[PDB]
Structure formats: C-alpha cells, structure tokens
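Quick note: the coordinates plus some simple rules give every number you see, no bench work behind them. FYI the Cβ positions are ideal-geometry reconstructions off the backbone, even for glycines, and counts take in every protein chain you see.
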Ligand SMILES: *[C@@H]1O[C@H](CO)[C@@H](O[C@@H]2O[C@H](CO)[C@@H](O)[C@H](O)[C@H]2NC(C)=O)[C@H](O)[C@H]1NC(C)=O
Ligand SMILES: *[C@@H]1O[C@H](CO)[C@@H](O[C@@H]2O[C@H](CO)[C@@H](O)[C@H](O)[C@H]2NC(C)=O)[C@H](O)[C@H]1NC(C)=O
Ligand SMILES: *[C@@H]1O[C@H](CO)[C@@H](O[C@@H]2O[C@H](CO)[C@@H](O)[C@H](O)[C@H]2NC(C)=O)[C@H](O)[C@H]1NC(C)=O
Ligand SMILES: *[C@@H]1O[C@H](CO)[C@@H](O[C@@H]2O[C@H](CO)[C@@H](O)[C@H](O)[C@H]2NC(C)=O)[C@H](O)[C@H]1NC(C)=O
Ligand SMILES: *[C@@H]1O[C@H](CO)[C@@H](O[C@@H]2O[C@H](CO)[C@@H](O)[C@H](O)[C@H]2NC(C)=O)[C@H](O)[C@H]1NC(C)=O
Ligand SMILES: *[C@@H]1O[C@H](CO)[C@@H](O[C@@H]2O[C@H](CO)[C@@H](O)[C@H](O)[C@H]2NC(C)=O)[C@H](O)[C@H]1NC(C)=O
Ligand SMILES: *[C@@H]1O[C@H](CO)[C@@H](O[C@@H]2O[C@H](CO)[C@@H](O)[C@H](O)[C@H]2NC(C)=O)[C@H](O)[C@H]1NC(C)=O
Ligand SMILES: *[C@@H]1O[C@H](CO)[C@@H](O)[C@H](O)[C@H]1NC(C)=O
Ligand SMILES: *[C@@H]1O[C@H](CO)[C@@H](O)[C@H](O)[C@H]1NC(C)=O
Ligand SMILES: *[C@@H]1O[C@H](CO)[C@@H](O)[C@H](O)[C@H]1NC(C)=O
C-alpha cells in the first residue's frame, strides 16, 4: 500500500507538470499557427513570420 | 551619439520546438496488485477503509486529463481543410511537410 | 502484468495527423483568417507580404526578392530533415 | 494564385468563459480528530514528533494563498468608479450586467443567475472578501471600462463617449472608424441581441466551478468516513478500547489507529496541496486574462474569446470569475480577382494599407477586413521600382488628383 | 475565538467568531490586519479597533 501510494503521488505530480506543458503548447499553437505573434522570443528566435 | 547601423540583407531561418502534450494512461487494480487474488488478503484489506477507491479515482482523473490535454492542443479547427491538387505557392515548396 | 493496465488514447495517431494536415492546409491557403471564422482564400505571396508588413518591413521587399526568399526557405526546410536524420524532451517522459 | 475573398458584413458575438479562482479554506486539528479528546491518545501521539505542526502549517499556507489569489484577481483598481445616473451609451444597453439596487447584495442580473445556478476537528474559515465586496469590485471595473476605456488601467480615468471608444477598438482590430460610425445602430442592436442570448442560455453549464466543490466535498467525506475503520484492531471507537482493557496491552491496539489516521490525514493534506497548486495556476491565468482583456485590448489570437477581440466584461461567481468576451466576426464574403501591384507609366505601385481588387472590369483599393472599394490614386499608393521584376503585375491607370483640378 | 458564540466563553461578535479586546467603530479604513468576512483590525490612537475594510476612495467619472 505504501508503494502504491508513492507511485500515485509521483504520477499526480508528473501529470500536473505535463498539463502545464500541454497548456503552453496549446497557447503556442493558437498564437503562432493561427496568427502572427509580436511577443519576443515566443515563436522562435528573431521576428516571427 | 550620431552613429547607426542598418541591415542591408536578411536570412530566412526555421527552428524546431518540441513540447510534450500527453502521458500514457495507466490504471492499476488495487486489490489484485496488493493481494494477488486471495480471499484472506482481501478480508484483511477490507479493514483498511477505501484507499483503493481514492487511488482509482486519482488514476482515472489523470487518464481523463490526458485526453483533455490532447483535445485542447490539437482540436482547434472546426472543418477539415484540404490543400488544392496544384502547388502554385509562388515558388514555395511544402512537399516535405504536406 | 499483475493488475497494471494501459488505456488506449481516444485520438488515434492518424486522427492527430489529420488535424495537423488540416491546420497546415488552412495556414497555407487562408493565412490567419480561418482562425477567426470562415476561411478566406488568398495567394500565398500576398500572405507573406502581409507577414512582412507585420514586422515593420515594407511589402515591396518581398515582391522584389520573392525568388531569393523562396530559395532560402526551401534550403532551410531541406536542412531541417538533415538535422533530424534532439527529441530528448519527449524521450524523458517515456 | 490570383483570387482573394473579402467579407462584406460582420456579426458581433459575445461568448462566456468561466475560470475558478479560489477554493474553500479548511483547517483540521489532530488532538480532536485522531484522539477525540482523550489524554492517553495524546500521550502516545507525543512520541511521533511534530507531524501535526507540519500539517497545520501546510493547511494555513493553502488557506492564505486562496485570499492572496482573490486579492490579485479582483483588486486591480484603486478608485471605486460609479456609472452616471443617466445612461446614454450610443444605443448600447448594459442593463443586464450593471448592478441593480433592488436585487440582494446589489448584484447584477447575470450574477444572480450564476449564483442561483450553483463538526469533529474540521472547520471552515470564511473568506476575507464577502460576495458583496467582490460584486462591488466587478461593478467598479465594469463602470470604469464603460466610461473610460483602457485609460483607467494606466492611471487616472479619462472620460470618453462610448461610441468613440468602440471606434478606437475597431481601429485597433484593423477596421476604419467610418465602418463603425455608419453602422452604429446595427452594431448596437446586434450587441443587445447577443447579450440577451447569453441571459437566455444561462437561464436554461458551470461544470468547471462545480468540479472543485464536488472534489473538496468528496475529499472531506472520505476523510470523515476513514474514522470508522479498525485498521486491523478491535474496534474504531477509542472508548471501546479504553473501558474494556487495562493499558499494558490496550496501548498496542491504540497505536494502530494512530498510524492509520495519520496516514489518512497525510494523504488528504497532499491531495489538498496538489489541488491548491492547480487552483493557483488557474487563478494566475484568470488574473492575466482580466488584466489583458478588461483593462486593455489584446492582439493575442484566441486569448480573449473566439474572433477579433473588442472588449470584455467580468462577472462574479461563487468561487470564480465569468468573462463576457465581445468579438468581431466577419461574414458574407465575396471573392474577387487580385494583383500584387499595378504598373503605370513604367512604375510599380503598391497599396499603402489595403489590397488591389477587381470586380471584373475595374480595379479598386479596399481594406483587408471589410469590403469598401476606393478609386486608385497616388494618395493611397506608393511607388517603388519598375514593373518588370514583380510577378503578377497588371496594367492599369493611377488617378492623379492634382492634374485635373489644376487644369 | 473562531466560530464560537460570545456567550460560550470590549466584546464584539462578528461572522468569523467572537472578538475580545477590540472596539467596533463606524468608520471604514484600509485593511491592516485581516480578520475575516470583511473585518479588519488596526491600532489607532493606544487602542485596537475592529471595522469593515474600505474598498477604496469613491469616484464618479464625469461622463457625457
Ligand atoms: C543577400 O544574401 C543572399 C543570400 O544570402 C545573396 O545571394 C547570394 O549571392 C551570391 C553571390 O552571387 C550567390 O553565389 C548565392 O548563390 C546567392 N544566394 C542565393 C540563395 O541565391 C545576396 O547576394 C545578398 N545580397 C543582396 C543585395 O541580396
Ligand atoms: C520540393 O522538394 C522536394 C524535395 O524535398 C522535391 O522532390 C525532389 O526533386 C528532385 C528534383 O528537383 C529529385 O531529384 C528528388 O528525387 C525529389 N525527391 C523526392 C520526390 O522525394 C520536389 O521536386 C520539390 N518541388 C518542386 C515543385 O520543386
Ligand atoms: C449585414 O447583416 C445584417 C444582419 O446580419 C443585415 O441586417 C438585416 O437586414 C435584413 C434585411 O432587411 C433585416 O430583415 C434584418 O432584420 C436585419 N438585421 C438586423 C439585426 O437589423 C444587413 O442588411 C447586412 N448588410 C448587408 C450589406 O448585407
Ligand atoms: C435594456 O434592456 C432591458 C431588458 O433586458 C430593458 O428593460 C426592460 O424593458 C422592457 C421594455 O420596455 C420593459 O417592459 C421591462 O419592464 C424592462 N425591465 C425588465 C425586463 O426587467 C431596458 O429598457 C433596456 N434599456 C433601454 C434604454 O431601453
Ligand atoms: C469563390 O470562388 C470559387 C470559385 O468558383 C467558388 O467555389 C465554387 O463554388 C461552387 C458553388 O457552390 C461550387 O460548386 C464549387 O465546387 C466551388 N469550387 C470550385 C469551382 O473550385 C466559391 O463559391 C467562391 N466563394 C464565394 C463566397 O462565393
Ligand atoms: C464593377 O464596378 C464598376 C464601378 O465603376 C462598375 O462600373 C459602373 O457600373 C455602374 C452600375 O451599372 C454604371 O452605372 C457605371 O456607368 C459604371 N461605370 C462607372 C465608371 O461608374 C461595373 O459595372 C462593375 N462590374 C461588375 C461586373 O460588377
Ligand atoms: C502593359 O503595358 C505595356 C506598355 O503599355 C506593355 O508592354 C508592351 O508590350 C507589347 C507586347 O508585348 C510590346 O510590343 C511593347 O514593346 C511593350 N512596350 C513596352 C514599353 O514595354 C505590356 O505588354 C502590357 N502588359 C500586359 C500584361 O498587357
Ligand atoms: C497563375 O497560375 C496560372 C496557371 O493557371 C499561370 O498561367 C499564371 O501565370 C500564374 N500567375 C501568377 C502571378 O503566378
Ligand atoms: C449566539 O447566542 C445568542 C444568545 O442566545 C443568540 O441570540 C444568537 O442567535 C447566537 N448566534 C449568533 C450568531 O449570535
Ligand atoms: C455605529 O452606528 C450605528 C448606526 O447604524 C449606531 O447604532 C451605533 O451605536 C454606532 N456605534 C458606534 C460605536 O459609534
């Protein structure tokens, strides 16, 4: 039971981190693919096209 | 105080950025993992409350969240657009990505 | 295993590939117009002229250097696959 | 390679967005939960160190962070602005979102609809800000953005007629002012109808706000139900163990309950910590959305709604915030023929801010987001180079205004 | 005293519980020490007062 609880807690933390990464990816898609972004170094190095 | 620099040429650069979006959805049977299908172990485990229920709930929440992440990242379009058969893109060549 | 189960993802890989292909087609054909509503077709050269206009460069530069810009873009695209043939971030999660 | 499509009409659409900001603040006490006011249990628990101090510290931290989130989300104004008694906003109608003096707690209609839609060692701490005060913040923000635009977000509020403010927004989204000024009544009617549609839809959706409440209630119920488990002992009641046994072997039956309840409490605290971290991330996103869509106009795509963002309105929720994003959606497009530039007198002419379009016989200059043809002159175009390098050039004349009037 | 009626223990009763040692005033200031449910405590002068926090200065924009 202790081992299972530890595994579940670590999985929860990893899932939270992955969810943050996925939110970042969705924002990057919406702002670089569906439009042109003026944010510096957000959609690559240089002036985004 | 009176000198400036102005570019006279330019280069087109493409850079790759890689971002994870999902994990592998895993579900673990608490009783069979802990006890291995033995009645006595199940009887003793019944004295410990409802830990397995909470573990299964957390795992199911993670599994649902993975699909939600994928849907949010990719399902951002209403209609499935198709490129025309011609490739008259003003000299630009997208064969490697189409 | 002993009680371990791996669920299959809801969106199969070819479905995600179809989403990506639709996104690429929309970006190439309608620019950013399809992201706000109905897709509006426009020649690719004029969309790239718009994009230069967005970064403070006059659109005549594109119309005078289209061939050079296309050649540079093609060379960079070709270099990408050579650079690929890295993905450590994806491998770490697995 | 020579066809473009340009919209000839537009629709004003308002969409909602719900973001949780905070969760209920709870605190627990070991001495009454694990022990239930029994001296021997406390004596045995004293051998376990200071786990309960850590648990109390973590719970206090996550309780303070909720008020911190609420303060950073809603308390983004210095003054408390009030709408003028007379409401003449160029035909726009904000009666459904402005506060109502007769309604309880001075809430708005939509706020009232949203609010109507949704012991033993355990205590719940009331939030620092009550619902009336959050509603007052929302009303102040609404009045400020209605009567001052984005000026009050950078300093002192400067008044400006609402029609001119929306003209500013239209100019910001790349549409000239004349388009708005010649369609004020239509825009106002569309906005009013869209506002009414949100009211109708809500009166008939708040799953995200329900989820956190359900999860917290489930966690508390599980914690309470964990008190009726023997954990492999004689019973789940301390008094049954006390008044049936002497304490040289009853002390062995007690520590099992102690460790089981401690494990359950630690699990609950860890889950609460993770949930609080997720809620804090959501609250940060909500604060950013407020600061970038309410106090200003955002150029980020799909950040303040679907379409071209014009302006947004915040509304209070039980434990969240609801945004009403007003976006500009083009429609009714007709597609034409197009040329990158015009050659005239051996020189190439490019449009200053629009594009060249042709209905079949004549060539015009129009803005990209709205169809409004203009006669090609030297005032809306500029000259660069000769018409032999650009591909796609067509032959046409450029009307010089000075020549006819001079002669 | 949290969630405790004042009869179960100069003396002021609020939503957060029973408060002893603070003087309730009719004014409205900025929050110095947050008590809860819109109540804050401050040390004016020499003594401790408990009031309702003020959201901020009132302002009406001269809109026409
Ligand atoms: C700007 O840069 C481009 C490419 O970086 C230059 O074009 C190159 O010119 C040399 C000199 O003849 C050729 O050998 C190369 O093949 C050209 N590159 C390509 C991709 O065609 C260009 O000369 C530079 N200067 C200007 C004014 O454009
Ligand atoms: C777009 O690029 C692809 C390669 O990335 C081109 O395909 C190659 O074309 C050359 C000749 O130009 C052949 O020698 C190769 O065998 C082709 N590779 C393939 C087919 O995998 C393609 O021709 C380019 N498109 C245009 C219109 O030039
Ligand atoms: C642009 O769209 C609006 C509404 O989508 C049109 O206004 C409608 O016009 C019809 C025709 O008389 C009326 O029956 C409707 O009641 C109008 N709607 C509203 C909300 O007033 C408008 O005519 C369109 N403009 C163009 C140029 O097509
Ligand atoms: C703004 O809209 C509201 C309704 O959303 C209007 O209030 C109602 O108007 C009708 C029409 O006369 C009355 O019969 C109702 O008694 C009003 N109150 C309600 C429904 O609660 C309001 O009049 C509109 N604003 C303006 C300036 O016309
Ligand atoms: C834009 O022009 C294209 C070219 O004709 C139109 O696309 C065709 O529309 C007809 C009428 O529904 C269809 O039957 C064809 O399949 C379409 N595609 C072709 C001919 O390749 C389109 O309708 C025009 N857009 C608008 C808004 O009128
Ligand atoms: C394209 O637009 C031009 C705009 O000038 C149209 O030309 C005019 O059309 C009106 C309407 O019949 C006539 O009264 C004028 O005499 C025309 N000439 C001028 C100089 O105004 C033209 O008809 C349009 N073509 C199409 C196919 O719509
Ligand atoms: C646009 O106009 C120019 C000049 O008015 C055309 O250039 C002429 O083309 C004819 C036929 O090709 C030649 O015989 C002349 O010598 C050219 N004159 C000059 C000064 O270049 C040009 O062809 C026209 N373009 C189109 C698409 O009609
Ligand atoms: C457009 O494509 C047609 C082929 O249908 C070609 O004849 C024409 O020259 C092209 N024009 C431009 C500007 O690319
Ligand atoms: C506290 O006790 C008084 C005295 O009986 C009673 O009137 C009151 O309702 C109780 N509760 C509160 C919140 O004052
Ligand atoms: C505060 O004002 C109220 C009037 O609503 C009055 O009844 C009360 O006595 C006042 N208290 C103090 C301390 O001034």
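Is it the case that residue D:20 is within 16 Å of ligand 3 (Cβ to nearest atom) and either over 23 Å from the mean Cα position of the chain (by Cα) or at negative phi (or both)?
Numbers: within 16 Å of ligand 3 (Cβ to nearest atom): no; either over 23 Å from the mean Cα position of the chain (by Cα) or at negative phi (or both): yes.
It is false that residue D:20 is within 16 Å of ligand 3 (Cβ to nearest atom) and either over 23 Å from the mean Cα position of the chain (by Cα) or at negative phi (or both).
So which strands (runs of 3 or more DSSP E) are wholly in the range D:306-407 and hold at least 2 residues that are more than 10 Å from chain C (Cβ to nearest Cβ) and farther than 25 Å from residue C:40 by Cβ?
Values: elements: D:308-316, D:320-339, D:342-344, D:347-351, D:355-358, D:363-366, D:381-386.
Once the strands (runs of 3 or more DSSP E) in the range D:306-407 are filtered for at least 2 residues that are more than 10 Å from chain C (Cβ to nearest Cβ) and farther than 25 Å from residue C:40 by Cβ, what remains is D:308-316, D:320-339, D:342-344.
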Can you confirm whether the range E:10-30 contains a residue that is touching a helix residue (DSSP H, G or I) at 6+ places or on another chain (Cβ under 8 Å), within 10 Å of another protein chain (Cβ to nearest Cβ) and away from ligand 6 (no atom under 16 Å from the Cβ)? no
Please list, ordered by first then second residue, the pairs with beta carbon atoms under 6 Å, 6 or more apart or interchain, first in the range D:358-384 and within 19 Å of residue C:58 (Cα to Cα), second in a loop (DSSP other than H, G, I, E, B) and within 16 Å of ligand 3 (Cβ to nearest atom). D:366/D:372; D:366/D:373
Test: residue C:84 is within 28 Å of residue B:23 (Cα to Cα), away from ligand 3 (no atom under 16 Å from the Cβ) and surrounded by 16 or more Cβ atoms within 10 Å (Cβ to Cβ): no
Checked against (1) surrounded by 14 or more Cβ atoms within 10 Å (Cβ to Cβ); (2) within 20 Å of residue D:223 (Cα to Cα), residue D:54 satisfies every condition except (1)
Please work out if residue C:31 is closer than 29 Å to residue D:334 by Cα and within 16 Å of ligand 3 (Cβ to nearest atom). no
Look through E:39, E:35, E:49 and report the one residue that is more than 19 Å from residue D:64 (Cα to Cα) and in contact with a strand residue (DSSP E or B) (Cβ under 8 Å, 6 or more places away or on another chain). E:49
Members of the range B:59-81 that are more than 30 Å from residue C:49 (Cα to Cα) and either within 16 Å of ligand 5 (Cβ to nearest atom) or surrounded by fewer than 17 Cβ atoms within 10 Å (Cβ to Cβ) (or both): B:60, B:61, B:64, B:67, B:68, B:71
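Tally the residues that are more than 16 Å from ligand 8 (Cβ to nearest atom), buried (at least 17 other Cβ atoms within 10 Å of the Cβ) and closer than 22 Å to residue C:51 by Cβ, restricting the search to the range D:340-353. Spell out the reasoning first.
Going through the range D:340-353, the residues more than 16 Å from ligand 8 (Cβ to nearest atom) turn out to be D:344-347, D:349, D:351-353.
Then keep just the ones that are buried (at least 17 other Cβ atoms within 10 Å of the Cβ); that gives D:344, D:349, D:351.
If we keep only those that are closer than 22 Å to residue C:51 by Cβ too, we end up with D:349, D:351.
Number of matching residues: 2.
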Among (1) more than 13 Å from ligand 5 (Cβ to nearest atom); (2) surrounded by fewer than 22 Cβ atoms within 10 Å (Cβ to Cβ); (3) at negative phi, where does residue D:356 come up short? (2)
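In the range D:99-157, how many residues are assigned to a loop (DSSP other than H, G, I, E, B) and more than 12 Å from chain E (Cβ to nearest Cβ)?
Taking the range D:99-157 and keeping what is assigned to a loop (DSSP other than H, G, I, E, B), we get D:99-103, D:107-108, D:118-121, D:126-130, D:149-150, D:154-157.
Going one step further and asking which of them are more than 12 Å from chain E (Cβ to nearest Cβ), we end up with D:99-103, D:107-108, D:118, D:120-121, D:150, D:154-155.
Final tally of qualifying residues: 13.
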Filter the range D:97-112 for residues that are closer than 12 Å to residue D:202 by Cβ and surrounded by fewer than 17 Cβ atoms within 10 Å (Cβ to Cβ) and give the result. D:112
What are the residues in the range E:1-26 that are out of contact with any strand residue (DSSP E or B) (no Cβ under 6 Å at 6 or more places or on another chain), more than 22 Å from residue D:70 (Cβ to Cβ) and part of a loop (DSSP other than H, G, I, E, B), if any? E:5, E:9, E:10, E:21, E:26
Between D:298, D:282, which is away from ligand 3 (no atom under 16 Å from the Cβ) and outside any loop (DSSP other than H, G, I, E, B)? D:282
